[PDB]
Every structure is written in structure tokens, then in C-alpha cells.
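Chemist: I am attaching a structure below and will ask some questions about it afterwards.
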Amino acid sequence: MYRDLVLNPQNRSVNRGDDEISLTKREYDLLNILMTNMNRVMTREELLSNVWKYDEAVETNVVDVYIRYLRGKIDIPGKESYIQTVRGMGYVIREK
């Protein structure tokens, strides 16, 4: 019943209310794994292994960078981020 964000696989974008937000391949995959694992904290290692499955020369830092790309496109001013940072554990999307 979580509807703050709704994935659109037809054009692999995400809807925030009535706003459709275009996402790159990596941004979509990263948002998808977090949403599929709602309320569970995903470590950078877990996110890296899922979104950069066969990539070479890609460290955990890239996960952090993409979380920032995601926040830039989906977060709204005056509202807490849709993706929460959990120091020492990773990232999580929490149903409120």
C-alpha cells in the first residue's frame, strides 16, 4: 500500500504523486531494489552487487553517488528524503 512512489516499468521511470520522474538504468535499478526491500536496510555491498552485478572497477562509493542522483530527482524541498541514510548499515526506504 506504499504509494509515495510508484515504479513505471513501461518506461522505467517513477511516479511521485502526479509527477513522472525519468530515471537512468542504474537509478531505476537502485530505486527498485530499495522499494522491493521496503523497511529493510540495504548495505552498500548489497546494493553494489545487485545494481552493478557484472561491472568491473566499481566500488561501494558509486552506490552513495547514485543515492544522491536519486535524491536530486525525487526529493521535494521542505520534506524529508524518500531515501534514508542509516550510518553503518546503508540505505532504506521506510513506509511512514
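Residue numbering restarts at 1 for every chain of the C-alpha cells, chains are lettered A, B, ... in their displayed order, and ligands are numbered from 1 as they appear.
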Mind dumping a table of every stretch 9-56 of chain A residue within 8 Å of stretch 64-88 of chain A, with the nearest atom pair and its distance in Å to one decimal, using only C-alpha atoms, sorted by chain and rising number, as JSON lines?

Modeler:
```
{"residue": "A:16", "atom": "CA", "partner": "A:74", "partner_atom": "CA", "distance": 7.4}
{"residue": "A:21", "atom": "CA", "partner": "A:73", "partner_atom": "CA", "distance": 7.0}
{"residue": "A:26", "atom": "CA", "partner": "A:66", "partner_atom": "CA", "distance": 7.8}
{"residue": "A:27", "atom": "CA", "partner": "A:70", "partner_atom": "CA", "distance": 6.3}
{"residue": "A:30", "atom": "CA", "partner": "A:66", "partner_atom": "CA", "distance": 7.9}
{"residue": "A:31", "atom": "CA", "partner": "A:70", "partner_atom": "CA", "distance": 7.7}
{"residue": "A:41", "atom": "CA", "partner": "A:86", "partner_atom": "CA", "distance": 7.5}
{"residue": "A:44", "atom": "CA", "partner": "A:64", "partner_atom": "CA", "distance": 7.6}
```

Chemist: Counting only C-alpha atoms, what is within 10 Å of stretch 47-49 of chain A, bar same-chain residues fewer than 2 positions away, as a list in words?

Modeler: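 Here the qualifying residues turn out to be residues 29, 30, 31, 33, 34, 42, 43, 44, 45, 51, 52, 53, 54, 55, 58, 59, 60, 61, 62, 63, 64, 90 and 91 of chain A.
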
Chemist: DSSP says alpha helix (DSSP H) for which residues of chain A? Put them as a tab-separated table (two decimals) with N, CA, C and O atoms, in the first residue's frame?

Modeler:
```tsv
chain	number	residue	atom	x	y	z
A	25	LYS	N	19.21	3.93	-16.23
A	25	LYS	CA	19.15	2.50	-15.97
A	25	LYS	C	19.59	2.18	-14.54
A	25	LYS	O	18.90	1.44	-13.83
A	26	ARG	N	20.71	2.75	-14.10
A	26	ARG	CA	21.19	2.48	-12.75
A	26	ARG	C	20.29	3.07	-11.67
A	26	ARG	O	20.04	2.44	-10.65
A	27	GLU	N	19.80	4.29	-11.90
A	27	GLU	CA	18.93	4.93	-10.92
A	27	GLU	C	17.66	4.10	-10.73
A	27	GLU	O	17.18	3.93	-9.61
A	28	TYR	N	17.11	3.61	-11.84
A	28	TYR	CA	15.90	2.80	-11.77
A	28	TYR	C	16.15	1.51	-11.00
A	28	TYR	O	15.36	1.15	-10.11
A	29	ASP	N	17.23	0.82	-11.32
A	29	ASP	CA	17.56	-0.44	-10.65
A	29	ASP	C	17.79	-0.24	-9.16
A	29	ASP	O	17.34	-1.05	-8.34
A	30	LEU	N	18.49	0.83	-8.80
A	30	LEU	CA	18.76	1.11	-7.40
A	30	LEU	C	17.47	1.43	-6.65
A	30	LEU	O	17.25	0.93	-5.55
A	31	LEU	N	16.61	2.25	-7.24
A	31	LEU	CA	15.36	2.59	-6.57
A	31	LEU	C	14.49	1.33	-6.44
A	31	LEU	O	13.86	1.11	-5.41
A	32	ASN	N	14.48	0.50	-7.48
A	32	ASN	CA	13.70	-0.73	-7.49
A	32	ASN	C	14.10	-1.67	-6.36
A	32	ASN	O	13.24	-2.19	-5.64
A	33	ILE	N	15.40	-1.91	-6.18
A	33	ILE	CA	15.83	-2.81	-5.12
A	33	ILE	C	15.47	-2.28	-3.73
A	33	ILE	O	15.07	-3.04	-2.86
A	34	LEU	N	15.60	-0.97	-3.53
A	34	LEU	CA	15.26	-0.38	-2.25
A	34	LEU	C	13.76	-0.51	-1.98
A	34	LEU	O	13.35	-0.82	-0.87
A	35	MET	N	12.95	-0.26	-3.01
A	35	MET	CA	11.50	-0.34	-2.86
A	35	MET	C	11.02	-1.79	-2.68
A	35	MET	O	10.08	-2.04	-1.93
A	36	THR	N	11.69	-2.72	-3.36
A	36	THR	CA	11.35	-4.14	-3.25
A	36	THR	C	11.67	-4.64	-1.85
A	36	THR	O	11.04	-5.58	-1.35
A	44	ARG	N	25.81	-0.96	1.31
A	44	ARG	CA	26.38	-0.54	0.04
A	44	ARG	C	26.82	-1.78	-0.74
A	44	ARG	O	26.69	-1.83	-1.96
A	45	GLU	N	27.33	-2.78	-0.02
A	45	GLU	CA	27.78	-4.00	-0.67
A	45	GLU	C	26.61	-4.73	-1.33
A	45	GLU	O	26.74	-5.26	-2.44
A	46	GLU	N	25.47	-4.76	-0.65
A	46	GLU	CA	24.28	-5.42	-1.19
A	46	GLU	C	23.76	-4.65	-2.41
A	46	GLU	O	23.37	-5.24	-3.41
A	47	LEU	N	23.75	-3.32	-2.32
A	47	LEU	CA	23.28	-2.50	-3.43
A	47	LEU	C	24.24	-2.60	-4.62
A	47	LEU	O	23.81	-2.68	-5.77
A	48	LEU	N	25.53	-2.62	-4.33
A	48	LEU	CA	26.54	-2.73	-5.39
A	48	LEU	C	26.38	-4.05	-6.14
A	48	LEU	O	26.36	-4.08	-7.37
A	49	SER	N	26.26	-5.15	-5.40
A	49	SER	CA	26.13	-6.47	-6.01
A	49	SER	C	24.86	-6.63	-6.85
A	49	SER	O	24.85	-7.40	-7.81
A	50	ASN	N	23.81	-5.91	-6.51
A	50	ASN	CA	22.56	-6.01	-7.25
A	50	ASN	C	22.47	-5.09	-8.46
A	50	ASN	O	21.99	-5.49	-9.52
A	51	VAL	N	22.95	-3.85	-8.31
A	51	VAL	CA	22.87	-2.86	-9.38
A	51	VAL	C	24.07	-2.84	-10.33
A	51	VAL	O	23.94	-2.46	-11.49
A	61	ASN	N	31.53	3.30	-3.20
A	61	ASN	CA	31.28	4.75	-3.24
A	61	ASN	C	30.27	5.13	-4.31
A	61	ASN	O	29.53	6.10	-4.15
A	62	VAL	N	30.25	4.39	-5.41
A	62	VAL	CA	29.32	4.67	-6.51
A	62	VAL	C	27.88	4.54	-6.03
A	62	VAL	O	26.98	5.23	-6.52
A	63	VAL	N	27.65	3.65	-5.07
A	63	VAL	CA	26.30	3.48	-4.54
A	63	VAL	C	25.87	4.80	-3.89
A	63	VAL	O	24.77	5.29	-4.14
A	64	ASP	N	26.75	5.37	-3.07
A	64	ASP	CA	26.45	6.63	-2.40
A	64	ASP	C	26.15	7.71	-3.43
A	64	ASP	O	25.21	8.49	-3.28
A	65	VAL	N	26.97	7.77	-4.47
A	65	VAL	CA	26.79	8.77	-5.51
A	65	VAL	C	25.41	8.66	-6.16
A	65	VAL	O	24.72	9.67	-6.35
A	66	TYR	N	25.00	7.44	-6.48
A	66	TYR	CA	23.69	7.25	-7.10
A	66	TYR	C	22.52	7.51	-6.17
A	66	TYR	O	21.44	7.89	-6.62
A	67	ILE	N	22.73	7.33	-4.87
A	67	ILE	CA	21.67	7.66	-3.93
A	67	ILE	C	21.47	9.17	-4.04
A	67	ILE	O	20.35	9.67	-3.98
A	68	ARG	N	22.57	9.92	-4.22
A	68	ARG	CA	22.48	11.37	-4.35
A	68	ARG	C	21.78	11.74	-5.66
A	68	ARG	O	20.96	12.66	-5.68
A	69	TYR	N	22.08	11.04	-6.75
A	69	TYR	CA	21.41	11.32	-8.02
A	69	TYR	C	19.91	11.11	-7.82
A	69	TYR	O	19.10	11.91	-8.27
A	70	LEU	N	19.55	10.01	-7.16
A	70	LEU	CA	18.15	9.72	-6.90
A	70	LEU	C	17.48	10.82	-6.08
A	70	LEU	O	16.42	11.31	-6.45
A	71	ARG	N	18.10	11.20	-4.96
A	71	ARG	CA	17.52	12.25	-4.13
A	71	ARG	C	17.32	13.55	-4.90
A	71	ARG	O	16.32	14.25	-4.71
A	72	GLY	N	18.27	13.87	-5.78
A	72	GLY	CA	18.17	15.09	-6.56
A	72	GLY	C	16.93	15.14	-7.44
A	72	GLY	O	16.31	16.19	-7.60
A	73	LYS	N	16.57	13.99	-8.00
A	73	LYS	CA	15.41	13.91	-8.87
A	73	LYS	C	14.09	13.67	-8.15
A	73	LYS	O	13.06	14.16	-8.59
A	74	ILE	N	14.12	12.93	-7.05
A	74	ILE	CA	12.87	12.61	-6.37
A	74	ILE	C	12.50	13.38	-5.11
A	74	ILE	O	11.32	13.49	-4.78
```

Chemist: Point out the residue among A:57, A:38, A:6, A:23 with the least atom-to-atom distance to residue A:95, counting only C-alpha atoms.

Modeler: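 Of the candidates, the smallest distance to residue A:95 is held by A:38.
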